[PDB]
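What follows is calculated from the coordinates using simple rules that are stated; it is not laboratory data. Note that we place each Cβ from the backbone using ideal geometry, even for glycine, and neighbour counts take in every protein chain shown.
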Amino acid sequence: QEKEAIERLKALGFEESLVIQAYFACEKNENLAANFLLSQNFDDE
């Protein structure tokens, strides 16, 4: 499973949904998943 990284990805200030899709679309990687969630441009709006 990847549930281990889920709380990790979430711990960066994200959410288990954007996390899963950022760790499944990233082919369950590490530096890739982080890069996904951190590269997901999203401000006030």
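Please give, to one decimal in nm, the separation of the simple spin-label points placed at residue 24 and residue 38, each 7 Å out from Cα toward the Cβ.
2.4 nm
What relative contact order, as a whole-number percentage, does the chain give when Cα pairs under 8 Å and 6 or more residues apart are counted?
30 percent
So, with +1 on the Cβ of K and R and -1 on the Cβ of D and E, and no other charges, what is the size of the charge dipole of the chain about its Cα centre, to the nearest 20 debye?
With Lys and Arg at +1 and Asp and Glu at -1, about 220 debye.
Using helices alone, what [θ] at 222 nm do you get for the chain, with -39,500 (n - 2.57) per DSSP H run of 4 or more residues, divided over all residues and rounded to the nearest 500?
It lands at -17000 deg cm²/dmol.
Need the full-extension length gain, residue 31 to residue 17, defined as separation in residues times 0.36 nm minus the C-alpha distance. One decimal, nm.
3.2 nm
Taking the chain as a Gaussian network, where each spring joins two C-alpha atoms under 10 Å apart, which residue of 22, 34, 11 fluctuates the most?
Most flexible of the set in this elastic network: 11.
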